[PDB]
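Reading through the structure tokens given below for one structure.
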Amino acid sequence: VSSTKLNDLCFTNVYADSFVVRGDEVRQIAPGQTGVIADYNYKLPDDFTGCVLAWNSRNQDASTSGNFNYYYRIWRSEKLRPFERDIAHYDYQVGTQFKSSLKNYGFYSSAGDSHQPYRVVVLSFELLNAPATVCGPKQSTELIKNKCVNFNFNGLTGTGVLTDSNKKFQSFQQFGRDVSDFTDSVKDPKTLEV
Amino acid sequence: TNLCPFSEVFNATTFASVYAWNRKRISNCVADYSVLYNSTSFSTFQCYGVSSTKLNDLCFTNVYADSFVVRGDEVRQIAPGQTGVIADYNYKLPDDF
Amino acid sequence: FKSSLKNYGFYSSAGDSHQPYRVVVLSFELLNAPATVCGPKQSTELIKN
Amino acid sequence: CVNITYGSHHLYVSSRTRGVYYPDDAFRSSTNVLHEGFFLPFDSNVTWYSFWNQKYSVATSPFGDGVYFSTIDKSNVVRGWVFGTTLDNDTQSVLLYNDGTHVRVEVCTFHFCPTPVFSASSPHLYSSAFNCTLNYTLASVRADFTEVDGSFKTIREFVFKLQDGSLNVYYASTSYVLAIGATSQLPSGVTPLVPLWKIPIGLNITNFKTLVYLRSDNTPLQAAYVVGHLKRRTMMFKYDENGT
Ligand SMILES: *[C@@H]1O[C@H](CO)[C@@H](O[C@@H]2O[C@H](CO)[C@@H](O[C@@H]3O[C@H](CO)[C@@H](O)[C@H](O)[C@@H]3O)[C@H](O)[C@H]2NC(C)=O)[C@H](O)[C@H]1NC(C)=O
Ligand SMILES: *[C@@H]1O[C@H](CO)[C@@H](O[C@@H]2O[C@H](CO)[C@@H](O)[C@H](O)[C@H]2NC(C)=O)[C@H](O)[C@H]1NC(C)=O
Ligand SMILES: *[C@@H]1O[C@H](CO)[C@@H](O[C@@H]2O[C@H](CO)[C@@H](O)[C@H](O)[C@H]2NC(C)=O)[C@H](O)[C@H]1NC(C)=O
Ligand SMILES: *[C@@H]1O[C@H](CO)[C@@H](O)[C@H](O)[C@H]1NC(C)=O
Ligand SMILES: *[C@@H]1O[C@H](CO)[C@@H](O)[C@H](O)[C@H]1NC(C)=O
């Protein structure tokens, strides 16, 4: 989805994933990335539909003495699958010694941006033929019937003539399509009229 | 079964200057980069012509390792089709790299 | 006349943009020839027919 | 917890044309659509479990690439399932069950009892639960714990699949009259299972176990459930004009 179009779209479901990483590991929060975070902590699907937002959180997560409340995994017998979470505490063997698979970050307010804490929020968007629950701040206009108009219904845009429909829709159906995949009908989100 | 000697390279006491960059042939070894995560935080890990996620499933006839030191803001120039002091007069990658 | 070579001045107090970065470029050759560098994949048993 | 000493009785039956579910969320009308994915193969060998006053048949089953699950009962004996890897306290597990009034999902590190079961509406699933990342109600569905006499009257079918950290649940309910002595057999015909729930569990699932309710005396009731495994196959689906 283009970021410039988010204000014109509506989403059936929106999920917000939130965590803290080091500045130089924000690049790994993206599809097809390889690294300690992308492999053993948080993996996105290659067909991901959504937005990754990140910002320097030095003022809230770094301290002069150091903040050691944030942890990341260093080793997992296998790589994580998309949206998989592993919260188990286990040790791994390095040579003859057993070490914790979890390591602590040391966030110091005097460190460079690459070692500052970054708060990351991943917005996963679902766009299905279902009731809209999350929409952009677009103002609705008046319904114009029996004329060629550009239309925008819950993010779905197009050009055509809007007329009263005798078609009946299922409880959560928002739009109807034909064999050609042409949207031949829509439920008005304000009047619930097809 | 022998691990590729990446740890001894990444940890050489001194690397080469970018104008006099070093080339090392890597052969007869297993390339496992996850072993390096404990000692090396890769700010940049970008692959061209091959996906990084597929490297663990692939085998290579020849592997060359070019090593040098640059300033942080000049790491972007180590990539095909880049223009800059490093890309123009120190180290250039081929466009089909 | 000036030297075509300039010296970097790497200070531990500088910002990340002026910190030294070690770069390693791995050039891969994939031809119809003996493999010498492979990933850590376990081999299975050969299944024929 | 409840110590169950009753033995286990199981047999092998045919899957027939059961386990068909909507492969996508795209509206398809009056069209024959081909689909390559994980489906229950037609006429496949599936495991049928039967329970009676002297037989309690619940075992840990592999999840694999997905599971077709059906219950043929008359007294709501199957209350839900446990999904996970070790199904113990070294990992998180998914507990999906009906508490009597609501279908609930809990994702925590549960130390489940050797045989997690409900004693006449009374829960005895896990000794302790911690590290809960998910705990919410999926739907309001009244399922009684009463004992109904007579033949089985309904088959409830479920398809469980894992996709991007989410457990996808497909469901269909069809009236299926089966006498207690009648041969163990699934109904004939295609009944498409509709997408019911997409639960964001974020967990790796390799094994699952069925949860049942016993009588106030901890004796097993009369019920049957079937387990089949989804396999990679191409299937052709016929959609009507409604999209069914
Ligand atoms: C999902 O959970 C399963 C169940 O624990 C995980 O399976 C386990 O994976 C490890 C690593 O792949 C297996 O260990 C390996 O076994 C082979 C064969 O013995 C050995 O050559 C390797 O050196 C290593 O020890 C382990 O056997 C396996 N356990 C079981 C019971 O399947 C699986 O990795 C998890 N998937 C994730 C976290 O993505
Ligand atoms: C959204 O709100 C509008 C009102 O702003 C609802 O429409 C009005 O409903 C009242 C009561 O039925 C009617 O008298 C008005 O004529 C309607 N239109 C206007 C312009 O006021 C509308 O039903 C609401 N939609 C939903 C889905 O709740
Ligand atoms: C379904 O699979 C089971 C095995 O899981 C088959 O059962 C075995 O069949 C052989 C051959 O008849 C018997 O000798 C074994 O004693 C059976 N084992 C068990 C556990 O019953 C069964 O035949 C299969 N059914 C089919 C293929 O229709
Ligand atoms: C990483 O692990 C290797 C192998 O055990 C060890 O030689 C090396 O010193 C470790 N590096 C750090 C920074 O712990
Ligand atoms: C889930 O929430 C319900 C309602 O608060 C509670 O009774 C139950 O114990 C919780 N389960 C776990 C394992 O946290």
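Naming works like this for the structure tokens: A, B, ... for the chains as they're shown, residue 1 at the start of each chain, ligands 1 onward in shown order.
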Checklist entry - Residues of stretch 3-231 of chain D in strand (DSSP E) according to DSSP, as a PyMOL selection string? => result chain D and resi 9-14+31-39+45-51+61-62+67-73+78-84+93-98+102-119+122-140+152-163+166-178+194-200+207-214+223-229+231
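For ligand 3, the set of protein, DNA and RNA residues within 9 Å, based on only C-alpha atoms and all ligand atoms, reads residues 10, 11, 12, 13, 14, 44, 45, 46 and 47 of chain D.
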Item to check | Protein and nucleic acid residues within 6 Å of ligand 4 (only C-alpha atoms and all ligand atoms) as a list in words | outcome: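 The distance check yields residues 94 of chain A; 38 and 39 of chain B.
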Just-selected residues, C-alpha atoms written as a CSV table (one decimal), in the first residue's frame:
chain,number,residue,atom,x,y,z
A,94,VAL,CA,28.9,-22.9,22.3
B,38,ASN,CA,27.6,-12.9,18.9
B,39,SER,CA,30.7,-10.8,18.0
Checklist entry - Which residues form the shell of 12 Å around ligand 5 when you count only C-alpha atoms and all ligand atoms, given as a ChimeraX atom specification? => result /D:92-97,99,102-112,123,125-137
Checklist entry - If you count only C-alpha atoms and all ligand atoms, which residues end up within 6 Å of ligand 2, as JSON, numbers by chain? => result {"A": [189, 190, 191]}
Given the selection you just returned, output its residues as a file containing N, CA, C and O atoms, formatted as an mmCIF file, in the first residue's frame.
data_model
loop_
_atom_site.group_PDB
_atom_site.id
_atom_site.type_symbol
_atom_site.label_atom_id
_atom_site.label_comp_id
_atom_site.auth_asym_id
_atom_site.auth_seq_id
_atom_site.Cartn_x
_atom_site.Cartn_y
_atom_site.Cartn_z
ATOM 1 N N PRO A 189 -21.953 2.672 3.277
ATOM 2 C CA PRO A 189 -21.594 2.481 4.677
ATOM 3 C C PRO A 189 -22.398 3.341 5.656
ATOM 4 O O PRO A 189 -22.316 3.095 6.876
ATOM 5 N N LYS A 190 -23.159 4.315 5.147
ATOM 6 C CA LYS A 190 -23.912 5.237 6.038
ATOM 7 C C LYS A 190 -25.397 4.845 6.086
ATOM 8 O O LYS A 190 -25.969 4.875 7.195
ATOM 9 N N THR A 191 -25.992 4.495 4.939
ATOM 10 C CA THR A 191 -27.443 4.175 4.880
ATOM 11 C C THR A 191 -27.658 2.673 4.867
ATOM 12 O O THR A 191 -28.813 2.255 5.102
#
Next on the checklist: Could you tell me which residues of chain C sit within 10 Å of chain B when counting only C-alpha atoms, and give me the result as an NGL selection string?
Outcome noted: :C and (4-5 or 7-10 or 15-42)
Could you write out that same residue set with C-alpha atoms as a short mmCIF file (atom, residue, chain, number, x, y, z; two decimals), in the first residue's frame?
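Now in again_21.cif:
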data_model
loop_
_atom_site.label_atom_id
_atom_site.label_comp_id
_atom_site.auth_asym_id
_atom_site.auth_seq_id
_atom_site.Cartn_x
_atom_site.Cartn_y
_atom_site.Cartn_z
CA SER C 4 45.77 12.22 -4.49
CA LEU C 5 45.57 10.30 -1.16
CA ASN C 7 44.02 10.49 5.57
CA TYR C 8 40.84 9.71 7.55
CA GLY C 9 40.79 10.97 11.16
CA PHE C 10 38.80 8.40 13.17
CA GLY C 15 29.10 10.67 15.30
CA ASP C 16 28.25 7.38 13.49
CA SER C 17 28.58 9.18 10.08
CA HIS C 18 32.30 9.80 10.87
CA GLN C 19 33.02 6.48 12.66
CA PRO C 20 35.20 3.86 10.89
CA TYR C 21 33.20 1.05 9.28
CA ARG C 22 34.82 -2.26 8.32
CA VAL C 23 33.39 -3.48 4.97
CA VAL C 24 33.66 -7.07 3.64
CA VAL C 25 32.39 -7.70 0.06
CA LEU C 26 31.72 -11.39 -0.74
CA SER C 27 31.86 -12.00 -4.55
CA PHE C 28 30.20 -15.37 -5.44
CA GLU C 29 30.96 -17.58 -8.45
CA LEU C 30 28.26 -20.19 -9.37
CA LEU C 31 29.52 -22.34 -12.32
CA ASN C 32 29.28 -25.99 -13.54
CA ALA C 33 32.34 -26.89 -11.43
CA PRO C 34 33.28 -28.51 -8.07
CA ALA C 35 31.63 -26.81 -5.05
CA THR C 36 34.15 -25.51 -2.46
CA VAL C 37 31.97 -23.16 -0.34
CA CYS C 38 28.52 -24.45 0.82
CA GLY C 39 25.91 -23.49 3.47
CA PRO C 40 25.43 -25.59 6.65
CA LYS C 41 22.74 -27.86 5.14
CA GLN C 42 22.58 -31.50 6.34
#
Checklist entry - Neighbours of ligand 1 within 8 Å, counting only C-alpha atoms and all ligand atoms, as a ChimeraX atom specification? => result /A:76-81,86 /C:42 /D:85-86,204-206
Find the nearest atom pair between each residue of chain A and chain D for residues within 6 Å, count only C-alpha atoms, give distances in Å to one decimal, sort rows by chain and ascending number, and present the table as JSON lines.
{"residue": "A:82", "atom": "CA", "partner": "D:164", "partner_atom": "CA", "distance": 5.1}
{"residue": "A:83", "atom": "CA", "partner": "D:165", "partner_atom": "CA", "distance": 4.9}
{"residue": "A:84", "atom": "CA", "partner": "D:202", "partner_atom": "CA", "distance": 4.3}
{"residue": "A:85", "atom": "CA", "partner": "D:202", "partner_atom": "CA", "distance": 5.1}
{"residue": "A:88", "atom": "CA", "partner": "D:91", "partner_atom": "CA", "distance": 5.8}
Given the selection you just returned, output its residues as a file containing C-alpha atoms, formatted as a CSV table (one decimal), in the first residue's frame.
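The file below, result.csv, is the result:
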chain,number,residue,atom,x,y,z
A,82,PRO,CA,6.5,-14.8,9.6
A,83,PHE,CA,4.7,-13.3,12.7
A,84,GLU,CA,6.1,-16.2,14.9
A,85,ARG,CA,7.0,-15.3,18.5
A,88,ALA,CA,10.8,-19.5,25.9
Checklist entry - Nearest to chain C: which of A:49, A:100, A:114, A:159 is it, counting only C-alpha atoms? => result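 The answer is A:114, which sits nearest to chain C.
Any residue of chain A with an atom no more than 10 Å from chain B counts as a contact; using only C-alpha atoms, that gives residues 23, 24, 25, 26, 27, 28, 32, 33, 34, 35, 36, 39, 74, 75, 76, 94, 103 and 114 of chain A.
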Taking N, CA, C and O atoms for each residue, export the selection above as a PDB file, in the first residue's frame.
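out_30.pdb, written as the output of this step:
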ATOM      1  N   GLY A  23      19.239   1.055  16.908  1.00  0.00           N
ATOM      2  CA  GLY A  23      19.089   1.849  15.671  1.00  0.00           C
ATOM      3  C   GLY A  23      19.543   1.120  14.423  1.00  0.00           C
ATOM      4  O   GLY A  23      18.893   1.302  13.373  1.00  0.00           O
ATOM      5  N   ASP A  24      20.650   0.401  14.481  1.00  0.00           N
ATOM      6  CA  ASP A  24      21.247  -0.245  13.286  1.00  0.00           C
ATOM      7  C   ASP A  24      20.548  -1.547  12.931  1.00  0.00           C
ATOM      8  O   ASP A  24      20.993  -2.227  12.010  1.00  0.00           O
ATOM      9  N   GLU A  25      19.469  -1.879  13.648  1.00  0.00           N
ATOM     10  CA  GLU A  25      18.734  -3.148  13.404  1.00  0.00           C
ATOM     11  C   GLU A  25      17.312  -2.834  12.917  1.00  0.00           C
ATOM     12  O   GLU A  25      16.478  -3.765  12.893  1.00  0.00           O
ATOM     13  N   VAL A  26      17.048  -1.580  12.547  1.00  0.00           N
ATOM     14  CA  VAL A  26      15.683  -1.162  12.126  1.00  0.00           C
ATOM     15  C   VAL A  26      15.529  -1.610  10.681  1.00  0.00           C
ATOM     16  O   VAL A  26      14.407  -1.932  10.285  1.00  0.00           O
ATOM     17  N   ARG A  27      16.621  -1.666   9.950  1.00  0.00           N
ATOM     18  CA  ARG A  27      16.609  -2.135   8.548  1.00  0.00           C
ATOM     19  C   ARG A  27      16.134  -3.582   8.446  1.00  0.00           C
ATOM     20  O   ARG A  27      15.716  -3.964   7.354  1.00  0.00           O
ATOM     21  N   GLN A  28      16.173  -4.347   9.528  1.00  0.00           N
ATOM     22  CA  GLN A  28      15.855  -5.784   9.487  1.00  0.00           C
ATOM     23  C   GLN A  28      14.356  -5.972   9.636  1.00  0.00           C
ATOM     24  O   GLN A  28      13.866  -7.062   9.396  1.00  0.00           O
ATOM     25  N   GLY A  32      12.240 -10.007   3.499  1.00  0.00           N
ATOM     26  CA  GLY A  32      13.475 -10.467   2.832  1.00  0.00           C
ATOM     27  C   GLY A  32      14.736  -9.924   3.472  1.00  0.00           C
ATOM     28  O   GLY A  32      15.756  -9.826   2.760  1.00  0.00           O
ATOM     29  N   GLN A  33      14.689  -9.594   4.764  1.00  0.00           N
ATOM     30  CA  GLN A  33      15.910  -9.128   5.472  1.00  0.00           C
ATOM     31  C   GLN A  33      16.545 -10.309   6.220  1.00  0.00           C
ATOM     32  O   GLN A  33      15.789 -11.182   6.696  1.00  0.00           O
ATOM     33  N   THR A  34      17.878 -10.336   6.305  1.00  0.00           N
ATOM     34  CA  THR A  34      18.577 -11.408   7.045  1.00  0.00           C
ATOM     35  C   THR A  34      19.380 -10.776   8.159  1.00  0.00           C
ATOM     36  O   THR A  34      20.135  -9.823   7.874  1.00  0.00           O
ATOM     37  N   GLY A  35      19.223 -11.277   9.385  1.00  0.00           N
ATOM     38  CA  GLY A  35      19.968 -10.732  10.533  1.00  0.00           C
ATOM     39  C   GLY A  35      19.461 -11.295  11.843  1.00  0.00           C
ATOM     40  O   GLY A  35      18.390 -11.936  11.833  1.00  0.00           O
ATOM     41  N   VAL A  36      20.171 -11.025  12.941  1.00  0.00           N
ATOM     42  CA  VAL A  36      19.797 -11.581  14.277  1.00  0.00           C
ATOM     43  C   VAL A  36      18.316 -11.303  14.588  1.00  0.00           C
ATOM     44  O   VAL A  36      17.638 -12.210  15.117  1.00  0.00           O
ATOM     45  N   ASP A  39      15.997 -13.079  11.908  1.00  0.00           N
ATOM     46  CA  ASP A  39      16.086 -14.567  11.962  1.00  0.00           C
ATOM     47  C   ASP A  39      15.543 -15.143  13.275  1.00  0.00           C
ATOM     48  O   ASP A  39      14.847 -16.178  13.204  1.00  0.00           O
ATOM     49  N   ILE A  74      19.703 -14.506  20.484  1.00  0.00           N
ATOM     50  CA  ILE A  74      20.973 -14.552  19.697  1.00  0.00           C
ATOM     51  C   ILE A  74      21.040 -15.873  18.925  1.00  0.00           C
ATOM     52  O   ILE A  74      21.808 -15.943  17.950  1.00  0.00           O
ATOM     53  N   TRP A  75      20.289 -16.877  19.368  1.00  0.00           N
ATOM     54  CA  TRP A  75      20.372 -18.195  18.698  1.00  0.00           C
ATOM     55  C   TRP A  75      19.058 -18.937  18.819  1.00  0.00           C
ATOM     56  O   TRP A  75      18.489 -18.964  19.926  1.00  0.00           O
ATOM     57  N   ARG A  76      18.604 -19.517  17.717  1.00  0.00           N
ATOM     58  CA  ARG A  76      17.397 -20.367  17.739  1.00  0.00           C
ATOM     59  C   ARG A  76      17.724 -21.527  16.799  1.00  0.00           C
ATOM     60  O   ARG A  76      18.201 -21.241  15.681  1.00  0.00           O
ATOM     61  N   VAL A  94      27.873 -23.480  23.121  1.00  0.00           N
ATOM     62  CA  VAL A  94      28.944 -22.877  22.275  1.00  0.00           C
ATOM     63  C   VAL A  94      30.233 -23.609  22.661  1.00  0.00           C
ATOM     64  O   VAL A  94      30.762 -23.333  23.763  1.00  0.00           O
ATOM     65  N   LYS A 103      20.036 -12.197  25.023  1.00  0.00           N
ATOM     66  CA  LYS A 103      21.088 -11.237  25.444  1.00  0.00           C
ATOM     67  C   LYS A 103      20.430  -9.904  25.808  1.00  0.00           C
ATOM     68  O   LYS A 103      19.358  -9.601  25.249  1.00  0.00           O
ATOM     69  N   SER A 114      23.385   4.666  16.119  1.00  0.00           N
ATOM     70  CA  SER A 114      23.397   3.220  15.762  1.00  0.00           C
ATOM     71  C   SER A 114      23.164   2.348  17.001  1.00  0.00           C
ATOM     72  O   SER A 114      22.700   1.201  16.825  1.00  0.00           O
TER      73      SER A 114
END
Next on the checklist: Please extract the residues of stretch 45-89 of chain B with a backbone DSSP assignment of helix (DSSP H, G or I) and present them as a PyMOL selection string.
Outcome noted: chain B and resi 52-57+72-77+85-89
